[PDB]
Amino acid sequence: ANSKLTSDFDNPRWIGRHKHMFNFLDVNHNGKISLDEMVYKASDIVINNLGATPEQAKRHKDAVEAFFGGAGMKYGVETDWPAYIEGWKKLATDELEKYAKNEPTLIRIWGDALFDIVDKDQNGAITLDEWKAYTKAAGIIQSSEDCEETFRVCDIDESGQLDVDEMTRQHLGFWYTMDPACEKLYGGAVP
């Protein structure tokens, strides 16, 4: 492993980051969300907004399923906030253990599936316009300014593209650890 990455689950900013995403995913404010809703949203984006082929959409669905499944979410089950954050601690712990052992993480698997769809050239890297297209379809980022901040925070290659290796590292830090190097990865869109 190129980094020594550790959890910080009692940091109110960690908890808060995931509460933000919980509230953003709970579009109708039910106080709970299901795996059914998560995989619906994921496939809706890639198939109906981003042009995914059937095989590409299925690969992506599988990776989203396993990601949220790692946080304890299940088909036909409604997950409330207390269960969600409990599951998220397990997910992060498991991911960081795989990382420390140089084994593929669920976030890498998902990234590789998503980048196959989003990168016009299928070479594992995306342009700013492609990042804007994905994030604004998903709604996780709403403004171009915030999408631009992502390219400031990450190490960009000489052609001005964000590669999956770099985005995986940044996401490990941003979602699992509170690495201060990854602050503002989504600009002002996600605290």
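Heads up: residue numbers just count along the shown sequence, starting at 1. The term rigid core refers to the most C-alpha atoms you can superpose between the two forms while keeping them within 1.5 Å.
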If the other structures are each fit on the rigid core, which stretch ends up farther away in C-alpha terms in 7 other deposited structures of this protein, 158-166 or 31-39?
158-166
When mean C-alpha B-factors in the record are compared for 89-97 and 115-123, the larger belongs to 115-123
Read off the CA B-factors in the entry, average them over 8-16 and over 177-185, and name the higher stretch.
177-185
Max C-alpha B-factor within the set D163, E55, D44, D26 falls on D163
Go through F151, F67, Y40, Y134 one by one and give the residue whose Cα B-factor in the PDB entry is largest.
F151
Can you tell me whether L35 has a C-alpha B-factor in the lowest, middle or highest third compared with the other modelled residues of the same chain?
lowest
On the chain's distribution of Cα B-factors, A63 falls within the third called lowest
Compare the C-alpha B factor of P104 with those of the other modelled residues in its chain, then answer lowest, middle or highest third.
highest
Ranking every modelled residue in this chain by its Cα temperature factor as given in the entry, which third contains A138?
lowest
